[PDB]
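See structure below.
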Amino acid sequence: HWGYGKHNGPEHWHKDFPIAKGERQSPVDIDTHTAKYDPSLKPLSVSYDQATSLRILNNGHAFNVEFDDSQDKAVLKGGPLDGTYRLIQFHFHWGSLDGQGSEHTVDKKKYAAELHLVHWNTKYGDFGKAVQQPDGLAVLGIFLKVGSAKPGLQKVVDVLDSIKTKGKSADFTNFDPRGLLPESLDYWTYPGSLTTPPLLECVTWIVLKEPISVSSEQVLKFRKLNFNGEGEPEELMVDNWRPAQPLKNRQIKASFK
Ligand SMILES: O=C(O)Cc1cccc([N+](=O)[O-])c1
Ligand SMILES: [Zn+2]
């Protein structure tokens, strides 16, 4: 099955998921000089005051912080979006070293990590139906750089020891994702895909310009996770990022001047 190695990594995914070579794949490089300011874009509305996290999961590819998405409790709206998109989970992608890890790049710059807050369009009723639609998901992507610690991330880092290996979960209630957001909500947006199989072309991407800062210690704890299951040969969970894919016939739009 797919993963991030030599033998099963991104460069192989097309064999089981031919949409890997599609017209609207993600991530992409954001060429800041060619992304045009679009005055018709709105401010993003991130409403996470009632978000109800339930659990954290090592799925063997990353870890997921999961939310109760059975009511409109944590929603993303506005920005480039029509309608209302409910938060279901967040996760990250990161590197073996601070010089890589992000999926999107900015003028070819790779950040140490990238956070993805995944939301589904309520007009499709559930996640599984939403991923079948071109406007089914909105993913908010936030870059991480290494510097000052992010106090709001620490709760997540400290639970990771309990989900070291693939298939482990742990209760993770009352975590507030507002603590992961940067000051500005300036963004780039473009139409794209999931960045892991099945790579479905169902995402409006909203990538924030301003990274968050996390400490070296925090990211080092991400890198102590394992791709393998309990008791199997240890292979550190690092470099779980898909590289930039061809932009093809897409425009990246900027919310800011
Ligand atoms: O489980 C998976 O890898 C598929 C999946 C599910 C939800 C979000 C995703 N994304 O690319 O942001 C991908
Ligand atoms: Zn992701």
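FYI, residue positions are counted from 1 along the chain as it appears here.
Header lists the method as X-ray crystallography, 1.2 Å.
Placement of Cβ uses the backbone N, Cα and C atoms for every residue, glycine included.
Residues or ranges marked as active site, proton donor/acceptor by Swiss-Prot: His61. In the three-state DSSP reading, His61 (active site, proton donor/acceptor) counts as coil. Neighbour count (other Cβ atoms within 10 Å of the Cβ, all protein chains): 18 for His61 (active site, proton donor/acceptor).
Taken from Swiss-Prot, the feature Zn(2+) binding site applies to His91, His93, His116. The 10 Å shell around the Cβ of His91 (Zn(2+) binding site) contains 20 further Cβ atoms across the protein chains shown.
Summarising the annotation, Swiss-Prot assigns phosphoserine to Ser162 (among others). Under the DSSP three-state reduction, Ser162 (phosphoserine) is assigned to helix.
Residues annotated as phosphoserine in Swiss-Prot, with a large-scale study or a structure entry given as evidence: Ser169 (among others). With a 10 A radius on its CB, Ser169 (phosphoserine) counts 17 other CB atoms from all the protein chains.
DSSP assigns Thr195 (substrate binding site) to coil in the three-state reduction, outside any helix or strand. The substrate binding site annotation in Swiss-Prot covers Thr195, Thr196.
Sequence-ordered, the extra residues of this chain that approach the Zn(2+) site, with Cβ no more than 8 Å from the Cβ center of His91, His93, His116, are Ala62, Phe90, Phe92, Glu103, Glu114, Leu115, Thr195. The two recorded residues, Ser169 (phosphoserine) and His91 (Zn(2+) binding site), show a Cα separation of 14 Å.
Among the recorded positions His61, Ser162, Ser169, no residue has its Cβ under 6 Å from any atom of ligand 2.
In the vicinity of ligand 1, defined as a Cβ distance under 6 Å, the following of the recorded positions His91, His93, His116, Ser169, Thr195, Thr196 are placed: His116, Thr195, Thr196. Across the structure, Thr196 (substrate binding site) and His91 (Zn(2+) binding site) are spaced 12 Å apart at their Cα atoms.
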